[PDB]
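Input: a single structure, listed below in structure tokens.
Values quoted throughout were computed directly from the atomic coordinates according to the rules given, and no laboratory measurement underlies them. Every residue, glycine among them, receives a Cβ derived from its backbone with ideal geometry; neighbour counts consider all protein chains shown.
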Amino acid sequence: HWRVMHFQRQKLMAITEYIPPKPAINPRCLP
Amino acid sequence: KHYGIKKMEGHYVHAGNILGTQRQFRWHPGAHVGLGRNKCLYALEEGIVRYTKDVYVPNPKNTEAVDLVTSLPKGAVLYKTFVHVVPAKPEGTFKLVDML
Amino acid sequence: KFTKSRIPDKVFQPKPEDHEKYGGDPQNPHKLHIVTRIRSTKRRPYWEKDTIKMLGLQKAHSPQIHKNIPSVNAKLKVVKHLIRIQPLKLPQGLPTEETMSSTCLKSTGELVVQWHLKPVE
Amino acid sequence: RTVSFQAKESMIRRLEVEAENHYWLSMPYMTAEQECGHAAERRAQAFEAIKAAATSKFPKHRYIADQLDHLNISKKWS
Amino acid sequence: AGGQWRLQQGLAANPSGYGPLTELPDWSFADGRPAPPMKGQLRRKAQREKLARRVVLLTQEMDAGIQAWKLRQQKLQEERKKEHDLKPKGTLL
RNA sequence: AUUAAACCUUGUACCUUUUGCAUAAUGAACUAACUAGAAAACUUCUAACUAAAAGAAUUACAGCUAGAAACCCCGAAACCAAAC
RNA sequence: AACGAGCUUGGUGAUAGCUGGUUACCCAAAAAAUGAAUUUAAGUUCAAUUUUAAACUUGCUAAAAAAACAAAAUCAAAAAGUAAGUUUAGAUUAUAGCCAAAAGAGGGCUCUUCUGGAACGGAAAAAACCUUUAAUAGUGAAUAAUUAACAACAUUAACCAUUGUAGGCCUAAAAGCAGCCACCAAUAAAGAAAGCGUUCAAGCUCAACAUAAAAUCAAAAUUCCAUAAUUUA
RNA sequence: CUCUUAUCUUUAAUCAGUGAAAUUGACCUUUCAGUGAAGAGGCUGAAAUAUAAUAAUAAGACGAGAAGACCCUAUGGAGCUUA
RNA sequence: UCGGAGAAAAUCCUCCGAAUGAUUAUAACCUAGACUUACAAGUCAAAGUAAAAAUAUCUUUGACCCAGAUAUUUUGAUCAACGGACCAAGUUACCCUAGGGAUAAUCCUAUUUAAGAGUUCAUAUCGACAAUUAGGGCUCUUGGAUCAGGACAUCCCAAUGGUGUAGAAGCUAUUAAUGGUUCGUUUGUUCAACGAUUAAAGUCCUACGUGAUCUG
Ligand SMILES: [Mg+2]
Ligand SMILES: [Mg+2]
Ligand SMILES: [Mg+2]
Ligand SMILES: [Mg+2]
Ligand SMILES: [Mg+2]
Ligand SMILES: [Mg+2]
Ligand SMILES: [Mg+2]
Ligand SMILES: [Mg+2]
Ligand SMILES: [Mg+2]
Ligand SMILES: [Mg+2]
Ligand SMILES: [Mg+2]
Ligand SMILES: [Mg+2]
Ligand SMILES: [Mg+2]
Ligand SMILES: [Mg+2]
Ligand SMILES: [Mg+2]
Ligand SMILES: [Mg+2]
Ligand SMILES: [Mg+2]
Ligand SMILES: [Mg+2]
Ligand SMILES: [Mg+2]
Ligand SMILES: [Mg+2]
Ligand SMILES: [Mg+2]
Ligand SMILES: [Mg+2]
Ligand SMILES: [Mg+2]
Ligand SMILES: [Mg+2]
Ligand SMILES: [Mg+2]
């Protein structure tokens, strides 16, 4: 059981999640 | 009850005002400050209160302090907290009373 | 216990990229702030309620002019989340006694001293 | 719960505004010492106005005209 | 609708703010005589003049306070370099 | 609101009591009449005369005299005296 | 007709810290429901709060160092943003709160401490969460909060097997395999064997021989319950 | 009682005459799931639905009248017994 | 009632003590300014004057009224329910009025793990240590009759997989709510038992389902 988070706190977590950068070309399809 | 510092450092104090209450000697009388039988501290002059550290030397007659003091190492000596009041007025001035 | 908090000093030390983005030279700093309230003081601690009344920001969306001096800035930091700050700008110079009755403030932050309500042509 | 798209964007827009607020508060025109005393004269005058209003209370004048005008209630065409 | 675009062009977000549509008079007599000023416009004019006068007052105090400080700086500076009397030496002074 | 009475849209009866909350719980079939805040020690306001005021007895180191200004209704189980 | 003590009149408008009720309009201000005593806790008095009037002068936010503390509450210079504060006179009511969010203490309750709230909009209905400076007329306008969100992958699959000897050991025997120490041998390539399985043995595999190829966590009890929908800047 | 049945009288129903009582905030007085103070005819979301009588059943309207009982309080009472 | 220690400024929180005693070379009168405190009570003290040749240290009780004592100054409370009525106990089911309420552990089921049971062989049948955002159940309202609505976690009837399944009997698991699910009786048994039967005599929810339908 996880104690529920105040909706304001829940909004904070959603906006600060990790975002990875993505390459333009996938390595496998490259020579 | 309510043991504590009645007058804090940097306050104008009149004669007779009580500065601190204590069950034991957390502070010691200094300049122009007296002792009450209950060990309260009051001001003997009109002026500003000050708290300062200073060296402690006991009366020769009392045994307990002398025994401890001599037993201290050569390097340093013990200290204590002292309370002082700085007088702020001239006790009097000369004025012309009569021309004879 | 929820209590008053102190912001770390680093927050208010800018970076070179910030100067480019917002277009302010770290020299020749501006003199007058334009401040507007864009949120509400209900459900906020009482210290924030009092400061908003000290700065004159009772009505929302009405601009107030203040000095860019340290004592004022100390108060603005307390209510930074409820207000918007824009630097004042005077393209045509400070208003004189002659032009005092023809000034008008634009949304950009420019206090023009002549207002004719005519096409620029 | 799942945070809706609207809620995430609206919060971001408010974050961006506050970021600019931090920047414009970092460049004080005058240092603390230069500020000291620069507005003393204006402040002192203001309190003098406040004190003057406080100590100005007193009753109001009374006039014979007000009392004697009550008689016009019985004016007529003779 | 269109608030953000209006601000980009430098106008007010609400078309009911400053501009010709709101500020200009709404009517005039058929002869050509001008109409009396609208009550809302008179209030708007007074508010702007009040704001402008504050701008003048605040700037002058800040400028007057910068010079007064540096003038004090000098007085301390010259006062520091001072001397008097004389400086003998040896077995009699 | 409407061209149009009803159709469409909006809207959790009233008083009292409870924790500023009621789909809680008291009270009300409806009409007419009847049915519940009262006193002047001190204070404030308005005048007369003033080291004095008051139509006898009282108060007074600006006082004293007069006016105006106030504090509810209904309801027990009981106790005692004398008759029947 | 109603006796744990008859009935009637009077004392009597008995008394009730308890229950119920207490009749026109408008404007203005405003509570907390903490501390102390009480045959007191269903009540009252005092402080504290609030408030009307009057006199006259500094208040609120902030607050350096330097203390006192132990290794954020006092204290309040000078400034700045700002309009309150003290003294005098009079007066009641109130003295049980509720939910959310923090920190503790006795172990879900129960206390103590700091902050916030009481929509006519929003979260499905919605006292306590979120947006919201008062209140007026208009068939104008710009905005705020706003239950929805877009099940796998990312060292092997092909062919095989000869021997010193069944290695010692009360174990009949315990042979690669019960142990128990050693653990070496030939051969291109073969562990005194990684498993099965045999009373022990046999027998089946693994690894070896050549021959090939691929390439970590995650998106229950009346009767289902808006309707629907994957791409137009 | 297994396991109930038949007949007659009283009641009941229709016609004629006379004519009460408790009760009653206003009612244009529906079902299911959800919400809620074990609780919804009236609130949220769905669904159903021409208008009125006569005779029957008793699930609900926390159905009506209960002088019906258990627990607590009051510096309210009364009867009895004493040391 | 008062004081000391912890919690730490809460408590019916954890502990100890007090209603004094010993020694005193005997500690006067008068008076600025302060602490503490709702009130009442309680603390400290400069200067001046006076005796002497300045403070006694140990360290904690009780108002007013009203009665005392003597030669003017003093003394009287386990009023301990400790802000203290000058002096009063039981009992009521024979009872009355005014009101306010009301009326984690355990344990079993299901998943994960797998030492040991099973002659041999972990998982036919079980199963330690554990794991389970797992389910659901010193004391002090229920039965029955009538009529039933519904869930599936299935007792019987039905379709299937495995077996330490030869046949016949059985043990275990999956799917499914179709209709049904008896009649009598108490000597002993802390919410039990007995006789005769049946294909079976299932487990539960519905304010004891149900008392304006009835009854113990
Ligand atoms: Mg009741
Ligand atoms: Mg009624
Ligand atoms: Mg009437
Ligand atoms: Mg009465
Ligand atoms: Mg409080
Ligand atoms: Mg008493
Ligand atoms: Mg009481
Ligand atoms: Mg200051
Ligand atoms: Mg008839
Ligand atoms: Mg209808
Ligand atoms: Mg329902
Ligand atoms: Mg409905
Ligand atoms: Mg019914
Ligand atoms: Mg009937
Ligand atoms: Mg009833
Ligand atoms: Mg009492
Ligand atoms: Mg009595
Ligand atoms: Mg009595
Ligand atoms: Mg002395
Ligand atoms: Mg007592
Ligand atoms: Mg007492
Ligand atoms: Mg009996
Ligand atoms: Mg059934
Ligand atoms: Mg099943
Ligand atoms: Mg019933």
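Before moving on, here are some points about what is shown:
- Residue list for segment D:1-58, filter: polar (S, T, N, Q) and more than 6 Å from RNA strand G (Cβ to nearest atom): D:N21, D:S26, D:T31, D:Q34, D:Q45, D:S56
- One residue from E:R33, E:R43, E:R48 being under 20 Å from C:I65 (Cα atoms), away from chain D (no Cβ under 14 Å) and surrounded by fewer than 10 Cβ atoms within 10 Å (Cβ to Cβ): E:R43
- Flag for B:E64 being closer than 30 Å to B:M8 by Cβ and either within 14 Å of RNA strand I (Cβ to nearest atom) or within 14 Å of another protein chain (Cβ to nearest Cβ) (or both): no
- Restricting C:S101, C:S71 to residues that are within 8 Å of chain D (Cβ to nearest Cβ), small (G, A, S) and over 13 Å from the mean Cα position of the chain (by Cα) narrows the list to C:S71.
- Matching residues in segment E:1-57 - criterion: being over 30 Å from C:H30 (Cβ atoms), touching a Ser or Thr at 6+ places or on another chain (Cβ under 8 Å) and not in a loop (DSSP other than H, G, I, E, B): E:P34
- For segment C:45-68, the candidate set comprises residues that are within 11 Å of another protein chain (Cβ to nearest Cβ) and out of contact with any helix residue (DSSP H, G or I) (no Cβ under 6 Å at 6 or more places or on another chain); within that set, the residue that is surrounded by the most Cβ atoms within 10 Å (Cβ to Cβ) is C:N68.
One line per residue, one yes/no per condition, for (1) closer than 30 Å to C:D9 by Cβ; (2) in a helix (DSSP H, G or I); (3) under 37 Å from the mean Cα position of the chain (by Cα):
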site: D:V3; (1), (2), (3): no, no, no
site: D:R13; (1), (2), (3): yes, yes, yes
site: D:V17; (1), (2), (3): yes, yes, yes
site: D:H22; (1), (2), (3): yes, yes, yes
site: D:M27; (1), (2), (3): yes, no, yes
site: D:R42; (1), (2), (3): no, yes, yes
site: D:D69; (1), (2), (3): no, yes, no
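- Scanning segment B:1-44 for residues that are part of a loop (DSSP other than H, G, I, E, B), within 9 Å of RNA strand I (Cβ to nearest atom) and under 24 Å from B:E91 (Cβ atoms) turns up B:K7, B:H14, B:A15, B:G16, B:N17, B:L44.
- Residues considered: C:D9, C:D25. Of these, the only one that is within 16 Å of RNA strand G (Cβ to nearest atom), within 11 Å of chain D (Cβ to nearest Cβ), loosely packed, with under 10 Cβ neighbours inside 10 Å and closer than 25 Å to D:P28 by Cβ is C:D9.
- Within segment C:1-58, the set of residues being assigned to a helix (DSSP H, G or I), of a type in the set (A, V, I, L, M) and farther than 24 Å from E:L51 by Cβ comprises just one member, C:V11.
- Matching residues in segment B:45-74 - criterion: being basic (K, R) and farther than 30 Å from B:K89 by Cα: B:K61, B:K74
- If the condition is being under 18 Å from E:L58 (Cβ atoms), touching a residue at least 24 places away in the same chain (Cβ under 8 Å) and out of contact with any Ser or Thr (no Cβ under 8 Å at 6 or more places or on another chain), then segment C:47-70 contributes C:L55, C:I65, C:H66, C:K67, C:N68.
- Being more than 14 Å from RNA strand G (Cβ to nearest atom) and without any contact (Cβ under 8 Å) to a residue 40 or more places away in the chain is a property that does not hold for B:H2.
- If you go through segment D:55-67 and pick out every residue that is part of a helix (DSSP H, G or I) and either at positive phi or of a type in the set (S, T, N, Q) (or both), you end up with 1.
- Meets criteria (within 30 Å of E:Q73 (Cα to Cα) and either of a type in the set (A, V, I, L, M) or more than 14 Å from every other protein chain (Cβ to nearest Cβ) (or both)) for D:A46: yes
- Which listed residue is more than 14 Å from chain D (Cβ to nearest Cβ) and either at positive phi or touching a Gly at 6+ places or on another chain (Cβ under 7 Å) (or both), from C:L111, C:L90, C:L117, C:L94: C:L117
- Hits in segment B:24-61 - residues which are of a type in the set (D, E, K, R) and under 18 Å from B:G4 (Cα atoms): B:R26, B:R37, B:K39, B:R50
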